[PDB]
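# A look at the structure
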Amino acid sequence: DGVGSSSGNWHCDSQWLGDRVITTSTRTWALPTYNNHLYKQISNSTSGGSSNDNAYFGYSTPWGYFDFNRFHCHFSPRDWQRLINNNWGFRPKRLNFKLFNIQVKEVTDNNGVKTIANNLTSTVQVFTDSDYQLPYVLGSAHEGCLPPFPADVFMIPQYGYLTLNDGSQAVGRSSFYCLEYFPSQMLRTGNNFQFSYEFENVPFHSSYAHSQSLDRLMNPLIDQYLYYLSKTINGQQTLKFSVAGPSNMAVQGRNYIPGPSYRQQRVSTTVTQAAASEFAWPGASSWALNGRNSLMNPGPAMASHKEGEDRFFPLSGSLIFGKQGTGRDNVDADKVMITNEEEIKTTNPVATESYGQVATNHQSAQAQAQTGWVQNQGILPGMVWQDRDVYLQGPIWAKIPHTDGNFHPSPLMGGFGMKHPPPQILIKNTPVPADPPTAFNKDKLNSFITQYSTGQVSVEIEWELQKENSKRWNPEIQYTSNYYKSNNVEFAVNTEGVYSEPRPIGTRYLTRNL
Amino acid sequence: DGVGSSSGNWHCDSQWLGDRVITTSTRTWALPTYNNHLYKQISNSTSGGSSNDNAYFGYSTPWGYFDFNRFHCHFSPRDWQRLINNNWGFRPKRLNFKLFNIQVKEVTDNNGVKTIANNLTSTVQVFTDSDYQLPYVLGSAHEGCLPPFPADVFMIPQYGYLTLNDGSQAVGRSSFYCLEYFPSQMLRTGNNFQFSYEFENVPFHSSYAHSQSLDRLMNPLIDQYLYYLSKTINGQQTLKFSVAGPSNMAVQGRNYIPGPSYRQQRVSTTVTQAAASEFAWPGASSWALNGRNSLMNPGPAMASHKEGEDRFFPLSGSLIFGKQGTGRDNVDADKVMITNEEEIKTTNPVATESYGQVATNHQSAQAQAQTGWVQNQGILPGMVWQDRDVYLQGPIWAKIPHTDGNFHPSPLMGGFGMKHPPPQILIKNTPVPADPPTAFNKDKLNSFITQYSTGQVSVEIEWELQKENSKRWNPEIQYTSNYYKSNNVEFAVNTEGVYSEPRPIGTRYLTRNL
Amino acid sequence: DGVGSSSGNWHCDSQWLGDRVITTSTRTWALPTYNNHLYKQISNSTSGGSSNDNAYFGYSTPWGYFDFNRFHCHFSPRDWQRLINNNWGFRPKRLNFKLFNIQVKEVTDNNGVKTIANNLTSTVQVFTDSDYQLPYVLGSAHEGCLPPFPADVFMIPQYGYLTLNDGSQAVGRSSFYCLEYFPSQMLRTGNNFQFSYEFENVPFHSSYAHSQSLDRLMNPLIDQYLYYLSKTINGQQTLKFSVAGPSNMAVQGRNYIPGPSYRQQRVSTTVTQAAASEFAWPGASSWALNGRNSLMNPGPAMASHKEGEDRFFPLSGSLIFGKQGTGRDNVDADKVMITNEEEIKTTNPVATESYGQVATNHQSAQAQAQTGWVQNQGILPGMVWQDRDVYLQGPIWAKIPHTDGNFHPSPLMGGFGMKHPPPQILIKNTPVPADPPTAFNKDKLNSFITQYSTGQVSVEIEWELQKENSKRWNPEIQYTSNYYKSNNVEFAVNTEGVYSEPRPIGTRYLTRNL
């Protein structure tokens, strides 16, 4: 429109209908100039790294991008509490995104002092990768998302991507992408940008915990009409059979079995434990691709620990969040928040235990029957399992890789897997050259006016709800704040205005039968 | 129609529309009399074999069959080059088949000299197994398909099938099929045969190579909001956590993991390597069925070798084609063409490497953390993979076995899996008895006129194309002939008129993101 | 239709309308099996040649082809005489082609004796290269055309083509063409083939000789109003000028100049001339392409000899025809017929003379004026010329090479140049395999029934005529037979039934002004 007219209003609210909840969040963003308007080839050689498992090749772009792939970007703690305490499931339906109130500033430095002024004629470029023609980086748990607290002003992360690499070198199959080779809208201070997106059909997330275990689905009062091998010896091959009943539930015939497993090493959170060695990488569970070892993290959805063993967690089978103010490198256990998936112990195997035992020979009068531990078990017919729970500060969705085949493409870090997820939204400040020389020079200009941009961003997502119809008589487990006095209110600001999330919040508090 | 009128024309051409390509191929065939018009029980006893893994029971029929289940039967090398260099995928849509210009000949031998003359009144019988009531032998990479060179005249292979066997003996469940118990059209020299077939819906074949690896999908500039266990000891269980970022990509959380594996033994193509033993069968990867060991060949789609290790190939995990003129038994490595699947190293594990490592115990102050190699890994949720590539001389389709359950029924040798593939087309010369005795004899006649038949066969297949919409800036890898001078043109005839295919041609040259 | 019904009639006649003449010719042809149904790579190595100017690479096909690119294939000598004596020009308009009365024979040899019998069920394949996708070999003066005498039975020439070569080797850019990769009609004894072709617009051939010379177009009674430099010296630079008039026609100003030239060495037909050396190749005029020297033959259209010098002919600037019964190698001059282009001496320069003289320095008081002979002269503005005359036994048309640029694409051997000439008509006997073995063998069949085919071919061409409207008073020169007695009639059969053409007949007997 014009310089003196706002191009949008501040929309931040949650609307709770019967089977739907609509979340709207608005944030103020700041966008600097990245790479000084240049594309730069990057690799482990340019970052000084030399281990082959950490080798890479790719490019850093002068473009930024908008990321809102975390639940706390849309749900307040109270809204999250309502969702998890009142619904058996939820899933995103549609998306509305807006950019408005664009403000481009120029920075001039004379001597140790910088002056900031408006550049009303400068432009900012925005486009969406609706055709998914660029590498998708929103499927990784990267920082730079919209802040959970609406009052926080955030910096737009720089967009970068990786391609095929051989050590620090590239190959002929490696691809180079120029983001200026895409049509993009150019916005001055009076312009705004908006688009709508429809989520593809995805299953409802399981925001419930099973009230029954897979091995306890039988009637505890009635025998089965099936027999099991009880005895074998007299005290001669004396085969004896008995009815499987309530007194021996472990040997009863069952129609379904627990889901797959990929065993994790076990770590205790108890201080004054002596470790026998440094094992964080040597003892790690891991998968190899083209000679590169990657850590299995978080791996298949498995129960974090057995009943009563909350002190143990899988070495890399659980999401680890950092508390507010936590450092980047080598922080203590009390500075991080270790999530656990104990709710899925009713259907999924324990992460730090073998799946089971399998016969490994033919027993005879000369050879005793032998069994072997199954540390990793693939998918078998009749298996049932629960996917990893999602969290308030955890990811929402991920892009299913474009491959010939996949099985249960639920993101392993939690969330909804989609072939066509919300498109990447890329933003960049248009370069503004400084005064050029009065004589023609064919070289590209390298002198630009120092600029940055700021504005507001709004994203609205409609969520579909799956209401609970339980006939359970006794009250359910519910997420609740603790009344006991404390120096600060949980999920609030401190005396210095710092917002903090004191604990990870799952979704599985209500119960339903298996 | 009549003796002196052709029943069809020679159609051999390729028509390239926008999203579709129509291939038409015509060949001249010759059909002899098989088994002297008899059905014969066959087994490993009748072929003199005595190893139980090679034991069989079945029947050889006097019928021949038409096979066009190889890509070079329909695509010329130039058409194949266009398809692979300009399309991200393709799949068959519909089929047209024709038999015409039937010519039945009689052969008479007087003394060391044979005379060939037309038998205008004799008939040839043709029918299609549209109901799939006969054993399907087109799903195996058998010889006898239409020649890649249109000028070559080919011999129709004899139809045979196998049933249940116990050693060299049959069981009560074994089935015997009489092909004369089917309605078939009888054609004289003036008649022709034709039918149309519609391919069932199949996914597009992946004629692309990924430009990204599964372990390099993150933004190389932004840290994750997740932590990993870095340290453990002081130099006391001192648990330390760090942010997973660009400097350590191997430990970053990931949503998807590489596909399944079934490890192959590794063989070097380098001459003057000393082998430690004869291992081609003892070292083989293998699966057992009812006490019979079958070689795992080609097995699950896995990367043939790591980067830079082209000299290595899996022992039986790759398709091996023979060069023109190559012998049948014990030929050298230079007489065969070893295909490789290096393009799928971005998503599939290396065939000659373990899938990864899994924890095998509980670490403590007394026991060091232990890990074990995963040589075989089944399907797990979140896995993605690419199927085996198809080749110009490789198979096109296969029949999915009629079973209660299957997973990703893409043929392991490459191609399109279908419950209802193109039906088997069976052809046989009608027996023409010689002069019978003037006195009645109840025994079946065993004196027949020596006959064979010849004619033309045409098959037209419409293929749907998936065009590429890449935004890649740098040029792609393309299949191209080499300009450098040579004695012969590749994919052409020699000075003796022998057509040869000098190398296997895949389909994965273009690139797309993962 | 049927075995016992003719598929066409014998049409051979000429119809003379006002401005059009329609020629129809029918011939009986015989087609053997070429290369034993095989494609064969050929080169100068396979023919034993080692000079680099004669090096080649290409392929010989089992296909034959129909050629009627000679005027005597359509015009009888009397029709040719009428055309040349009554018309100032002519050009082809449209074409009708027919194949009918197909007869396929099988040949069996027992011991030194061959038996020929009909094979009523065998087929012959015919198609036209209407899209010009195959190398065009009809643009060369090759043998194998329809005989000039309608009663002669001719053998169909074998089709072959050449591609890019480096010595006896090929390069990556070399192309291999399979003629079975084209749709073709298959004809039994009852079938026939026909198609129509429309000639693209071409200029009328000049069937006239100019009655004026380019240097004698002025009025012989009137002076010009232009002056020329007559004198220079006194006997001091004394410049003198004079009027150019009838007394000095050589110095008169002229608006147009004779056409281009490329000088030929001069050869006398007079016996008992002593040559100073062997010069037939060393003295030859020639052009080089990629290091290969090709003879300039027949080169640009130039006058064969000056007035009264009929004994001289250019070394390779004239078409040389062989008399009936003339051998292939090293025949005497009386065994060949040397054509001459003396009719174009009025506009074209003499082939064995320089185009003219050009100044080569600046004359002064110290340096005498110098001139140099112009042995080769390119196109200049104001040039006019006549193209090479066509002959009764000479070629009719040629295909203009598909190139970015060309100038006056009239074929240098004479005729009409067309981007889309009459398409090549290719014919082949369908291979008929002998008795195949009773056991399947994957190799292509190499045992075939010995066969050949015969039939009639008819071609009808409509020619447009350009009538003469001369006001010349005295009678014109006309082609006429000589009344004087001779042992045989010219253009007739001998006592042994051998038809002969005793002399080449041009088209330029009538006259018109320049």
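Residues numbered from 1 in each chain as written, not as in the entry; some residues may be left out. Chains lettered and ligands numbered in written order. Part of a larger assembly, values for the part shown. Heavy atoms only, no water.

## Observations concerning the sheet that holds strand β26 (residues 356-359) of chain B
Read across the sheet, 4 strands follow the order β22(A)-β21(A)-β26(B)-β27(B) without closing on themselves; strand pairing throughout is antiparallel. The sheet is open, and its two borders are formed by β22 (292-295) of chain A together with β27 (371-374) of chain B, each paired with just one other strand. The mean inter-strand angle of the sheet, taken between neighbouring strand axes irrespective of direction, is 25°. Relative to β26 of chain B, strand β21 (residues 286-289) of chain A is paired through 2 bridges, and the arrangement is antiparallel. When the sheet's bridge partners are listed, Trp287 of chain A is paired in β26 of chain B with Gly356 of chain B. (Pairing = 2+ DSSP bridges. Helix = DSSP H or I, 4+ residues; strand = E, 2+ residues; numbered from the N terminus. Axes fitted to C-alpha atoms, helices over the stretch in contact; angles between N-to-C directions.)

## What about the relation of the copies chain B and chain C?
Least-squares fitting of chain B to chain C yields an RMSD of 0.0 Å, with the superposition described by an axial translation of 0.1 Å and a rotation of 72°. What the superposition gives is, in effect, a five-fold axis relating one chain to the other. Of all interface residues in chain B, a mere 5% are interface residues in chain C too; the two copies therefore contact each other through different surfaces. (Least-squares fit on C-alpha atoms. Contact = heavy atoms within 4.5 Å.)

## Some points on the relation of the copies chain B and chain A
In this arrangement, two copies of a chain are superimposed by a rotation about an axis accompanied by a shift along the axis. When chain B is fitted onto chain A, the two copies agree to an RMSD of 0.0 Å after a turn of 120° and an axial shift of 0.0 Å. The two molecules are tied by a three-fold rotation axis, judged by turn and shift. Using C-alpha coordinates, one finds that chain B approaches the rotation axis most closely at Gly378 of chain B, a distance of 2.3 Å. The overlap is low: 7% of the interface residues of chain B also sit at the interface in chain A, so different surfaces are used on the two sides.

## Considering the side chain of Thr28 of chain A
All names here are of chain A. Relative to the helices and strands, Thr28 is located in strand β2 (residues 20-31). Residue classification places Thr28 among the buried residues on the basis of a relative accessible area of 17%. Only 2.9 Å separates the side chain of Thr28 from the side chain of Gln456, close enough to count as a polar contact. In this structure, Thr28 is in contact with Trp10, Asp152, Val153, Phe154, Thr454, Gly455 and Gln456, ignoring residues within four places of it in sequence. (Buried < 20%, exposed > 50% of the residue type's maximum accessible area, 1.4 Å probe, protein only. Polar contact = N/O pair within 3.5 Å; in protein donor to acceptor, adjacent residues only side chain to side chain.)

## Comments concerning the interface of chain B and chain C
In this assembly, 64 residues from chain B lie in contact with 54 residues from chain C. Together chain B and chain C conceal approximately 4,800 Å² of surface at their shared face, both sides included; 59% is due to carbon and sulfur atoms. It is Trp10, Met155 and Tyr483 of chain B in chain B that bury the most area against chain C; as a group they hold 14% of the surface buried on that side. Here chain B is connected to chain C by 2 salt bridges. At the surface where chain B touches chain C, the tally comes to 29 residue pairs in polar contact. Looking at the side of chain B that touches chain C, the elements that each hand over two or more residues are β1 (13-16), β2 (20-31), β5 (87-109), β6 (114-118), β8 (153-155) and β33 (451-467) of chain B. (Buried area = accessible area lost by both parts, 1.4 Å probe. Salt bridge = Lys/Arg side-chain N within 4 Å of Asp/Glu carboxyl O.)

## A word on the arrangement of the chains
For this structure, the chain pair with the highest number of contacts among 2 pairs of chains in contact is chains A and B. At no point do chain A and chain C touch; the closest pair of C-alpha atoms across them sits 22 Å apart.

## Structural notes on a nonpolar patch on the surface
All names here are of chain A. On the surface, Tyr227, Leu229, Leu239, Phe241 and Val243 cluster together into a nonpolar patch covering about 510 Å² of accessible area. Taken together, the elements giving at least two residues each to the nonpolar patch come down to β16 (227-229) and β17 (241-243). Structurally, the position occupied by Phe241 is in strand β17. (Patch = residues over 30% accessible without salt bridge, like charges linked within 9 Å, V, L, I, M, F, W, Y side chains within 5 Å. Areas by Shrake-Rupley, 256 points an atom, 1.4 Å probe, with all protein chains shown as cover.)

## Things to note about the UniProt feature "binding site: beta-D-galactose" (unreviewed entry) in chain A
The sites that carry the UniProt feature "binding site: beta-D-galactose" (unreviewed entry) are, in the present numbering, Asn248 and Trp281 of chain A. In three dimensions, the annotated residues from a span of 34 residues occupy distinct locations, with a maximal C-alpha spread of 42.0 Å. Within the secondary structure, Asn248 of chain A is located in the loop between β17 and β18 (257-258). Judged by relative accessible area, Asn248 of chain A falls into the partly exposed class, the value being 26%. With respect to the element layout, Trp281 of chain A can be found in the loop between β20 (266-268) and β21. In this structure, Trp281 of chain A is in contact with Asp53, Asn293 and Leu295 of chain A together with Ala250 and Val251 of chain B, ignoring residues within four places of it in sequence. (UniProt positions renumbered as here; feature names shortened; annotations may be inferred.)

## Details of the interface of chain B and chain A
Contacts between chain B and chain A engage 102 residues on the former and 123 residues on the latter. Looking at the side of chain B facing chain A, the largest losses of area belong to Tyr225, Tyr227 and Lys471 of chain B, adding up to 9% of the total buried there. Our enumeration of links across chain B and chain A arrives at 5 salt bridges. Between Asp223 of chain B and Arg328 of chain A there is a salt bridge; the shortest N-O distance is 2.6 Å. Summed over the shared surface of chain B and chain A, the number is 78 residue pairs in polar contact. Grouping the constituent residues of the side of chain B that touches chain A by class yields 42 nonpolar, 44 polar and 16 charged. (Nonpolar A, V, L, I, M, F, W, Y, C, P; charged D, E, K, R; others polar.)

## Observations concerning the environment of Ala439 of chain C
With respect to the element layout, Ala439 of chain C can be found in the loop between β32 (425-429) and β33 (451-467). What makes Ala439 of chain C partly exposed here is its relative accessible area of 49%. Sequence spacing of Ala439 of chain C and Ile477 of chain C is 38 residues, and the spatial spacing of their C-alpha atoms is 76 Å. For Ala439 of chain C, the residues in contact, after removing those within four places along its chain, are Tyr34 and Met155 of chain B.

## Description of the pattern of salt bridges
All names here are of chain C. The final tally for this structure, using the stated rule, is 64 salt bridges over all chains. For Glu353, the salt bridge is made with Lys306, and the minimal N-O distance between the two is 3.8 Å. Here the residue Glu353 occupies a position in the loop between β25 (336-338) and β26 (356-359), and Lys306 occupies one in the loop between β22 (292-295) and β23 (312-314), the gap between them amounting to 47 residues. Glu476 is paired through a salt bridge with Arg472; the nearest N and O atoms lie 2.7 Å apart.

## Some thoughts on unusual backbone geometry
For residues that are not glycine, phi is negative in most cases, and the peptide bond is trans in most cases. Cis rather than trans, the peptide bond between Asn297 of chain A and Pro298 of chain A has omega equal to 0°. Its place among the elements puts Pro298 of chain A in the loop between β22 and β23 (312-314). Although it is not a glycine, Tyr132 of chain C adopts a positive phi angle of roughly 55°. Looking at where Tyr132 of chain C falls in the secondary structure, it is placed in the loop between β7 (124-128) and β8 (153-155). The backbone of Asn330 of chain C sits at a positive phi, close to 55°, despite the residue not being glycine. Mapped onto the elements of the fold, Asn330 of chain C is located in the loop between β24 (320-322) and β25. Judged by relative accessible area, which is 82%, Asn330 of chain C ranks as exposed.

## A closer look at the UniProt feature "binding site: Ca(2+) 2" (unreviewed entry) in chain A
Following the UniProt record, one finds the feature "binding site: Ca(2+) 2" (unreviewed entry) at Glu343 of chain A. Here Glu343 of chain A is in contact with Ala209 and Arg508 of chain A, once residues within four sequence places are set aside.

## A few points about the nonpolar core
Of all hydrophobic cores here, the largest spans 140 residues; its most connected members are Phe97 of chain B together with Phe97 of chain C. Once residues within four sequence positions are removed from consideration, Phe97 of chain C is found in contact with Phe66, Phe68, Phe193, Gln194, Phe195, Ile425, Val457, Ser458 and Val459 of chain C. Within the second largest apolar cluster, 66 residues are counted, among which are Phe75, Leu138, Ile427 and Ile505 of chain A. (Core = buried A, V, L, I, M, F, W, Y, C linked by side-chain atoms within 4.5 Å.)

## Some details on the packing of aromatic side chains
Enumeration over the complete set of coordinates arrives at 94 aromatic pairs over all chains. Measuring from centroid to centroid gives 6.3 Å for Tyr262 of chain A and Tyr355 of chain B, while their planes differ by 70°, and the two rings are edge-to-face. Separated into two different chains, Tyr262 of chain A in strand β19 (residues 261-262) and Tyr355 of chain B in the loop between β25 (336-338) and β26 make up a pair that spans both. Its relative accessible area of 0% is what places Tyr355 of chain B among the buried residues. Aromatic pair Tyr59 of chain B and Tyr161 of chain B: ring centres 5.8 Å apart, planes at 40°, arrangement tilted. With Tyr59 of chain B in strand β4 (residues 57-66) and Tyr161 of chain B in strand β9 (residues 158-163), the pair connects residues that are 102 residues apart, well separated along the chain. Aromatic ring contacts, followed pair by pair, group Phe149 and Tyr499 of chain B together with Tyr39, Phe57, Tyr59, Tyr65, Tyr159, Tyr161, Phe176 and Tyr177 of chain C into a single cluster. (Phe/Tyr/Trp six-rings, centres within 6.5 Å; stacked < 30°, edge-to-face > 60°.)

## Description of the sheet that holds strand β18 (residues 257-258) of chain B
Pairing in this open sheet of 3 strands is mixed, and the strands run β31(A)-β29(B)-β18(B) from one edge to the other. For this open sheet the edge positions go to β31 (405-406) of chain A together with β18 of chain B, each flanked by a neighbour on one side alone. Where β18 of chain B meets strand β29 (residues 383-385) of chain B, 2 bridges bridge the pair, whose relative direction is parallel. Paired with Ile257 of chain B across the bridge in β29 of chain B is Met383 of chain B.

## Considering the environment of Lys467 of chain A
All names here are of chain A. Residue placement: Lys467 occurs in strand β34 (residues 451-467). Residue classification places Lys467 among the partly exposed residues on the basis of a relative accessible area of 43%. Sequence separation between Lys467 and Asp443 is 24 residues, and the spatial gap between their C-alpha atoms is 64 Å. Those residues in contact with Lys467 that lie beyond four places of it in its chain are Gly18, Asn86, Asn87 and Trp88.

## Some points on the pairing of strand β3 (residues 40-43) of chain C
Side chains on a regular strand alternate between the two faces of the sheet. Residues and elements named next belong to chain C. Side-chain alternation along β3 places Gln41 and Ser43 on a buried face and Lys40 and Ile42 on a face that remains uncovered. Note that β3 and strand β4 (residues 57-66) share 4 bridges and pair antiparallel. Its bridge partner lying in β4, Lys40 is registered against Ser60.

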